[PDB]
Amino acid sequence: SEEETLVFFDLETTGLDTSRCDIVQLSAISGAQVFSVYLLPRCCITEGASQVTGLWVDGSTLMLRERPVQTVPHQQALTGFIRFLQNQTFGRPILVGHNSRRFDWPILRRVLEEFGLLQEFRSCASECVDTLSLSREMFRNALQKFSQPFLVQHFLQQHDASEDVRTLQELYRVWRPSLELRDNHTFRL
């Protein structure tokens, strides 16, 4: 199929510096198809990042609160996401991410480049929709806050990237953004 598929994606990271932080969780959903992997970071997870996500490192073991989680090496994790975009969405994907222009895409772009995978990635998706700036337009003089947890509480009445891509996809469905609005918040990868 040559029809468009939306791929909602999200990261959990070691901190807030987009030029430095590593990825600890990489997740995506497209319709019913789900991709989600944990990665063992190559740098320290900040105390603040651990407070928000529950993720911390015990030696070589990534932990989510009291429980170890299984990690995938960076090379394989990133290749898996590329293969998902190439083979698993049953259409031609466009990415969608909250605060993706200023945060998630700069981070993912940098990490992809470290592993020599950026150009292959850009060959399976060309564009990304930023639902942060989109929601700010759609609710410009209406909402006071636009963080995804606030929006999920407000619109769905309910920080794990696998849960968060699912609720972002549901938010997007509730909002039903027009293509003219979406185009205002689409950028090229």
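Start at 1 with the first residue shown and count on from there.
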item	value
Unresolved deposited residues lying between neighbours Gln158 and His159	4 to 9
Residue stretch of maximal mean CA temperature factor, 29-37 vs 136-144	136-144
Mean Cα B-factor comparison, 127-135 or 159-167, giving the higher one as deposited	159-167
Residue, from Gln75, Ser100, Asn87, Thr71, that the PDB entry assigns the highest Cα B-factor	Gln75
Third of the chain, ranked by Cα B-factor, where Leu179 sits	highest
Modelled-residue ranking by C-alpha temperature factor, third containing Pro93	middle
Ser1, C-alpha B-factor rank within chain (lowest, middle or highest third)	highest
Cα B factor band for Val57 (lowest, middle or highest third within the chain)	middle
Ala49, C-alpha B-factor rank within chain (lowest, middle or highest third)	highest
